[PDB]
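Chemist: Hey, dropping run.csv in here, CSV, C-alpha atoms:
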chain,number,residue,atom,x,y,z
X,1,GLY,CA,-33.0,119.6,10.0
X,2,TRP,CA,-34.7,116.4,8.7
X,3,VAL,CA,-34.4,115.0,5.2
X,4,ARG,CA,-36.8,112.3,3.9
X,5,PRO,CA,-34.7,109.2,3.1
X,6,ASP,CA,-34.7,108.2,-0.5
X,7,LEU,CA,-36.4,105.1,-1.9
X,8,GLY,CA,-34.9,101.9,-0.5
X,9,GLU,CA,-32.6,103.8,1.9
X,10,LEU,CA,-34.7,102.7,4.9
X,11,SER,CA,-34.5,99.0,3.7
X,12,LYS,CA,-30.7,98.9,3.8
X,13,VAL,CA,-28.8,96.5,6.1
X,14,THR,CA,-27.2,98.5,9.0
X,15,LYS,CA,-24.4,97.8,11.4
X,16,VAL,CA,-24.4,98.6,15.1
X,17,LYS,CA,-21.7,98.5,17.9
X,18,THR,CA,-23.7,97.0,20.8
X,19,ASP,CA,-21.4,96.3,23.7
X,20,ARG,CA,-23.3,93.2,25.0
X,21,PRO,CA,-21.5,89.9,24.4
X,22,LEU,CA,-22.6,87.5,21.7
X,23,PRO,CA,-24.7,84.8,23.3
X,24,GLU,CA,-22.6,81.7,23.1
X,25,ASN,CA,-25.7,79.4,23.1
X,26,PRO,CA,-28.7,81.4,21.9
X,27,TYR,CA,-30.8,78.2,21.5
X,28,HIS,CA,-29.5,76.9,24.9
X,29,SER,CA,-28.4,73.8,23.0
X,30,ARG,CA,-27.5,70.7,25.0
X,31,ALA,CA,-24.2,68.9,24.7
X,32,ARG,CA,-23.8,67.6,21.1
X,33,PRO,CA,-23.7,63.8,20.8
X,34,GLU,CA,-20.3,62.2,20.4
X,35,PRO,CA,-19.7,61.0,16.8
X,36,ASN,CA,-19.8,57.3,16.1
X,37,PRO,CA,-16.4,55.6,15.8
X,38,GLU,CA,-14.7,56.9,12.7
X,39,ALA,CA,-14.4,54.5,9.7
X,40,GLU,CA,-10.7,54.2,8.8
X,41,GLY,CA,-7.9,51.6,8.4
X,42,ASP,CA,-6.6,49.6,5.5
X,43,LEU,CA,-8.5,47.0,3.6
X,44,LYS,CA,-7.1,43.4,3.1
X,45,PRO,CA,-8.6,40.3,1.5
X,46,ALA,CA,-11.4,38.8,3.5
X,47,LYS,CA,-10.1,36.1,5.8
X,48,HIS,CA,-10.7,32.6,4.4
X,49,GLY,CA,-12.9,34.0,1.6
X,50,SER,CA,-16.7,34.2,1.9
X,51,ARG,CA,-16.6,32.0,5.1
X,52,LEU,CA,-20.2,30.9,4.2
X,53,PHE,CA,-20.7,27.1,4.3
X,54,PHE,CA,-18.7,25.0,1.8
X,55,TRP,CA,-17.4,28.0,-0.2
X,56,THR,CA,-13.7,27.9,0.5
X,57,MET,CA,-13.1,30.9,-1.8
A,1,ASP,CA,2.0,8.5,-0.9
A,2,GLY,CA,3.2,8.4,2.7
A,3,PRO,CA,1.1,9.3,5.7
A,4,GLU,CA,2.8,12.7,5.8
A,5,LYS,CA,0.6,13.5,2.9
A,6,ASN,CA,-2.7,13.0,4.8
A,7,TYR,CA,-1.2,14.0,8.2
A,8,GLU,CA,0.0,17.5,7.1
A,9,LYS,CA,-3.0,17.9,4.7
A,10,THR,CA,-5.3,17.4,7.7
A,11,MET,CA,-3.3,19.9,9.7
A,12,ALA,CA,-3.8,22.5,7.0
A,13,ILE,CA,-7.5,21.7,6.5
A,14,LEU,CA,-8.4,21.4,10.2
A,15,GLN,CA,-6.6,24.6,11.1
A,16,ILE,CA,-8.3,26.6,8.3
A,17,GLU,CA,-11.8,25.4,9.1
A,18,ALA,CA,-11.0,26.1,12.8
A,19,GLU,CA,-10.4,29.8,12.1
A,20,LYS,CA,-13.6,29.9,10.0
A,21,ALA,CA,-15.6,28.3,12.9
A,22,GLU,CA,-14.4,30.9,15.4
A,23,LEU,CA,-14.9,33.8,13.0
A,24,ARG,CA,-18.4,32.6,12.3
A,25,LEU,CA,-19.3,32.6,16.0
A,26,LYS,CA,-17.5,36.0,16.4
A,27,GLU,CA,-19.5,37.4,13.5
A,28,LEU,CA,-22.8,36.3,15.1
A,29,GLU,CA,-22.3,38.2,18.3
A,30,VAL,CA,-20.6,41.2,16.7
A,31,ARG,CA,-23.6,41.8,14.5
A,32,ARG,CA,-25.9,41.1,17.4
A,33,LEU,CA,-24.4,43.8,19.7
A,34,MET,CA,-23.7,46.2,16.8
A,35,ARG,CA,-27.4,46.1,15.8
A,36,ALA,CA,-28.5,46.6,19.4
A,37,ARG,CA,-26.0,49.3,20.4
A,38,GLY,CA,-25.7,50.9,17.0
A,39,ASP,CA,-22.2,52.3,17.8
A,40,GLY,CA,-20.6,50.6,14.9
A,41,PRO,CA,-19.4,51.0,11.3
A,42,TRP,CA,-22.5,49.3,9.9
A,43,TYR,CA,-26.2,49.1,10.9
A,44,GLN,CA,-26.2,52.9,11.1
A,45,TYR,CA,-29.8,53.6,10.0
A,46,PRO,CA,-30.1,56.9,8.1
A,47,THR,CA,-31.3,60.1,9.8
A,48,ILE,CA,-31.9,63.7,8.7
A,49,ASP,CA,-28.8,65.5,7.4
A,50,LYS,CA,-27.9,68.7,9.2
A,51,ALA,CA,-26.8,70.7,6.1
A,52,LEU,CA,-30.4,71.2,5.0
A,53,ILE,CA,-31.1,73.5,7.9
A,54,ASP,CA,-31.2,77.2,7.1
A,55,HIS,CA,-29.6,79.5,9.6
A,56,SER,CA,-30.2,82.9,7.9
A,57,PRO,CA,-32.2,85.5,9.9
A,58,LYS,CA,-35.9,84.7,9.5
A,59,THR,CA,-38.9,87.1,9.8
A,60,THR,CA,-39.7,86.8,13.5
A,61,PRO,CA,-36.7,87.2,15.8
A,62,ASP,CA,-37.6,84.5,18.3
A,63,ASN,CA,-37.6,81.1,16.6
Please re-express this file's structure in structure tokens.

Modeler:
Amino acid sequence: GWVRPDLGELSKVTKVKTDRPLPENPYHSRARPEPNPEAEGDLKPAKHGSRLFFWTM
Amino acid sequence: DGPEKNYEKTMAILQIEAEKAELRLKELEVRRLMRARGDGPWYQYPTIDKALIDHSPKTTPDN
């Protein structure tokens, strides 16, 4: 009671119902680094202009 | 004009240059430690972006 699979039939993507749990860390990744302090806040004119030598503004 | 011209003018000028003086010193150390630690808004040298990595199943199972 066996039928030869047609062309491309054996190349299809199949689905299975394995009862093992999905490995949470397959790569055994270490703790991810904390992000650098986020850039936010409002922008206001530079205090006392360029502040470089004799340039008041 | 009266001395209140030069007196209050000096008050404004001296104060404004005083804030610039302290800010200049504050900037020198802020850049100094920001360059060293790197945990700051600037001086963040570029690194490899993580969106280039492909996660689709490859040929060999173990990678």

Chemist: With only C-alpha atoms counted and 8 Å as the cut-off, give the residues of chain A in contact with region 38-53 of chain X, each with its shortest interatomic distance in Å and the pair that gives it, as CSV.

Modeler:
residue,atom,partner,partner_atom,distance
A:16,CA,X:48,CA,7.5
A:20,CA,X:51,CA,6.1
A:24,CA,X:51,CA,7.4
A:41,CA,X:39,CA,6.3

Chemist: Separation of CA of residue 17 (chain A) and CA of residue 54 (chain X), in Å?

Modeler: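 Result for CA of residue 17 (chain A) versus CA of residue 54 (chain X): 10.1 Å, one decimal.
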
Chemist: Just give me the gap between CA of residue 42 (chain A) and CA of residue 27 (chain A) in Å, one decimal is fine.

Modeler: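 Taking CA of residue 42 (chain A) and CA of residue 27 (chain A), their separation equals 12.8 Å.
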
Chemist: Which of these, X:57, X:3, X:22, X:10, has the shortest distance to chain A once you count all atoms listed in the file?

Modeler: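 Going through X:57, X:3, X:22, X:10 one by one, the smallest distance to chain A is for X:57.
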
Chemist: Please tabulate, as a Markdown table, the residues of chain A that come within 12 Å of chain X, each with its closest pair of atoms and the distance in Å to one decimal, counting all atoms listed in the file and ordering rows by chain, then residue number upward.

Modeler:
| residue | atom | partner | partner_atom | distance |
| --- | --- | --- | --- | --- |
| A:13 | CA | X:56 | CA | 10.6 |
| A:15 | CA | X:48 | CA | 11.2 |
| A:16 | CA | X:48 | CA | 7.5 |
| A:17 | CA | X:48 | CA | 8.7 |
| A:18 | CA | X:48 | CA | 10.6 |
| A:19 | CA | X:48 | CA | 8.2 |
| A:20 | CA | X:51 | CA | 6.1 |
| A:21 | CA | X:51 | CA | 8.7 |
| A:22 | CA | X:51 | CA | 10.6 |
| A:23 | CA | X:51 | CA | 8.3 |
| A:24 | CA | X:51 | CA | 7.4 |
| A:25 | CA | X:51 | CA | 11.2 |
| A:27 | CA | X:51 | CA | 10.4 |
| A:34 | CA | X:36 | CA | 11.8 |
| A:37 | CA | X:36 | CA | 11.0 |
| A:38 | CA | X:36 | CA | 8.8 |
| A:39 | CA | X:36 | CA | 5.8 |
| A:40 | CA | X:37 | CA | 6.6 |
| A:41 | CA | X:39 | CA | 6.3 |
| A:42 | CA | X:39 | CA | 9.6 |
| A:43 | CA | X:36 | CA | 11.6 |
| A:44 | CA | X:36 | CA | 9.2 |
| A:61 | CA | X:26 | CA | 11.6 |
| A:62 | CA | X:27 | CA | 9.8 |
| A:63 | CA | X:27 | CA | 8.9 |

Chemist: Go ahead and compute the interatomic distance for CA of residue 45 (chain A) and CA of residue 28 (chain X), in Å to one decimal.

Modeler: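 A separation of 27.7 Å between them.
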
Chemist: Since the input has fewer atoms than a full residue there, write region 16-37 of chain X out with N, CA, C and O atoms, as a PDB file, keeping the file's coordinate frame.

Modeler:
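The result, written out as result_24.pdb:
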ATOM      1  N   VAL X  16     -24.375  97.909  13.852  1.00  0.00           N
ATOM      2  CA  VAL X  16     -24.400  98.600  15.100  1.00  0.00           C
ATOM      3  C   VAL X  16     -23.239  98.034  15.994  1.00  0.00           C
ATOM      4  O   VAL X  16     -22.705  96.951  15.746  1.00  0.00           O
ATOM      5  N   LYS X  17     -22.884  98.801  17.023  1.00  0.00           N
ATOM      6  CA  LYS X  17     -21.700  98.500  17.900  1.00  0.00           C
ATOM      7  C   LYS X  17     -22.171  98.155  19.282  1.00  0.00           C
ATOM      8  O   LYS X  17     -21.584  98.663  20.241  1.00  0.00           O
ATOM      9  N   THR X  18     -23.207  97.332  19.428  1.00  0.00           N
ATOM     10  CA  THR X  18     -23.700  97.000  20.800  1.00  0.00           C
ATOM     11  C   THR X  18     -22.575  96.344  21.579  1.00  0.00           C
ATOM     12  O   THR X  18     -21.775  95.550  21.075  1.00  0.00           O
ATOM     13  N   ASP X  19     -22.501  96.735  22.847  1.00  0.00           N
ATOM     14  CA  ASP X  19     -21.400  96.300  23.700  1.00  0.00           C
ATOM     15  C   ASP X  19     -21.773  95.043  24.510  1.00  0.00           C
ATOM     16  O   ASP X  19     -20.925  94.546  25.259  1.00  0.00           O
ATOM     17  N   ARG X  20     -22.986  94.521  24.361  1.00  0.00           N
ATOM     18  CA  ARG X  20     -23.300  93.200  25.000  1.00  0.00           C
ATOM     19  C   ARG X  20     -22.525  92.130  24.285  1.00  0.00           C
ATOM     20  O   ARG X  20     -22.158  92.245  23.115  1.00  0.00           O
ATOM     21  N   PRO X  21     -22.216  91.058  25.006  1.00  0.00           N
ATOM     22  CA  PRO X  21     -21.500  89.900  24.400  1.00  0.00           C
ATOM     23  C   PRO X  21     -22.460  89.093  23.534  1.00  0.00           C
ATOM     24  O   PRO X  21     -23.667  89.028  23.773  1.00  0.00           O
ATOM     25  N   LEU X  22     -21.884  88.447  22.532  1.00  0.00           N
ATOM     26  CA  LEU X  22     -22.600  87.500  21.700  1.00  0.00           C
ATOM     27  C   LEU X  22     -23.050  86.318  22.489  1.00  0.00           C
ATOM     28  O   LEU X  22     -22.179  85.658  23.068  1.00  0.00           O
ATOM     29  N   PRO X  23     -24.337  85.984  22.571  1.00  0.00           N
ATOM     30  CA  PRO X  23     -24.700  84.800  23.300  1.00  0.00           C
ATOM     31  C   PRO X  23     -24.130  83.533  22.732  1.00  0.00           C
ATOM     32  O   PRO X  23     -24.356  83.196  21.568  1.00  0.00           O
ATOM     33  N   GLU X  24     -23.338  82.838  23.551  1.00  0.00           N
ATOM     34  CA  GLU X  24     -22.600  81.700  23.100  1.00  0.00           C
ATOM     35  C   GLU X  24     -23.608  80.547  22.673  1.00  0.00           C
ATOM     36  O   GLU X  24     -23.333  79.796  21.733  1.00  0.00           O
ATOM     37  N   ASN X  25     -24.739  80.434  23.364  1.00  0.00           N
ATOM     38  CA  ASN X  25     -25.700  79.400  23.100  1.00  0.00           C
ATOM     39  C   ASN X  25     -27.104  80.051  23.052  1.00  0.00           C
ATOM     40  O   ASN X  25     -27.893  79.945  24.002  1.00  0.00           O
ATOM     41  N   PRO X  26     -27.419  80.752  21.959  1.00  0.00           N
ATOM     42  CA  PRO X  26     -28.700  81.400  21.900  1.00  0.00           C
ATOM     43  C   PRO X  26     -29.893  80.423  21.987  1.00  0.00           C
ATOM     44  O   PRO X  26     -30.927  80.758  22.577  1.00  0.00           O
ATOM     45  N   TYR X  27     -29.742  79.217  21.450  1.00  0.00           N
ATOM     46  CA  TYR X  27     -30.800  78.200  21.500  1.00  0.00           C
ATOM     47  C   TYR X  27     -30.706  77.386  22.818  1.00  0.00           C
ATOM     48  O   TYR X  27     -31.549  76.507  23.021  1.00  0.00           O
ATOM     49  N   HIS X  28     -29.732  77.663  23.686  1.00  0.00           N
ATOM     50  CA  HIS X  28     -29.500  76.900  24.900  1.00  0.00           C
ATOM     51  C   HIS X  28     -29.360  75.385  24.526  1.00  0.00           C
ATOM     52  O   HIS X  28     -29.932  74.507  25.175  1.00  0.00           O
ATOM     53  N   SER X  29     -28.602  75.120  23.467  1.00  0.00           N
ATOM     54  CA  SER X  29     -28.400  73.800  23.000  1.00  0.00           C
ATOM     55  C   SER X  29     -27.719  72.898  24.019  1.00  0.00           C
ATOM     56  O   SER X  29     -26.769  73.335  24.675  1.00  0.00           O
ATOM     57  N   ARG X  30     -28.189  71.663  24.160  1.00  0.00           N
ATOM     58  CA  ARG X  30     -27.500  70.700  25.000  1.00  0.00           C
ATOM     59  C   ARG X  30     -26.232  70.236  24.420  1.00  0.00           C
ATOM     60  O   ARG X  30     -25.868  70.618  23.305  1.00  0.00           O
ATOM     61  N   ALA X  31     -25.506  69.399  25.157  1.00  0.00           N
ATOM     62  CA  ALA X  31     -24.200  68.900  24.700  1.00  0.00           C
ATOM     63  C   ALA X  31     -24.457  68.051  23.404  1.00  0.00           C
ATOM     64  O   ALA X  31     -25.308  67.157  23.375  1.00  0.00           O
ATOM     65  N   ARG X  32     -23.690  68.353  22.364  1.00  0.00           N
ATOM     66  CA  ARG X  32     -23.800  67.600  21.100  1.00  0.00           C
ATOM     67  C   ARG X  32     -23.394  66.181  21.287  1.00  0.00           C
ATOM     68  O   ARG X  32     -22.419  65.908  21.994  1.00  0.00           O
ATOM     69  N   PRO X  33     -24.096  65.232  20.672  1.00  0.00           N
ATOM     70  CA  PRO X  33     -23.700  63.800  20.800  1.00  0.00           C
ATOM     71  C   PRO X  33     -22.330  63.555  20.250  1.00  0.00           C
ATOM     72  O   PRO X  33     -21.889  64.190  19.289  1.00  0.00           O
ATOM     73  N   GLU X  34     -21.640  62.607  20.871  1.00  0.00           N
ATOM     74  CA  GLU X  34     -20.300  62.200  20.400  1.00  0.00           C
ATOM     75  C   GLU X  34     -20.485  61.482  19.041  1.00  0.00           C
ATOM     76  O   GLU X  34     -21.433  60.715  18.851  1.00  0.00           O
ATOM     77  N   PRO X  35     -19.591  61.730  18.088  1.00  0.00           N
ATOM     78  CA  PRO X  35     -19.700  61.000  16.800  1.00  0.00           C
ATOM     79  C   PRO X  35     -19.431  59.536  16.989  1.00  0.00           C
ATOM     80  O   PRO X  35     -18.730  59.106  17.907  1.00  0.00           O
ATOM     81  N   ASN X  36     -20.030  58.748  16.106  1.00  0.00           N
ATOM     82  CA  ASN X  36     -19.800  57.300  16.100  1.00  0.00           C
ATOM     83  C   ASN X  36     -18.334  57.039  15.733  1.00  0.00           C
ATOM     84  O   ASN X  36     -17.700  57.856  15.061  1.00  0.00           O
ATOM     85  N   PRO X  37     -17.775  55.907  16.188  1.00  0.00           N
ATOM     86  CA  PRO X  37     -16.400  55.600  15.800  1.00  0.00           C
ATOM     87  C   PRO X  37     -16.085  55.748  14.359  1.00  0.00           C
ATOM     88  O   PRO X  37     -16.782  55.205  13.497  1.00  0.00           O
TER      89      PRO X  37
END
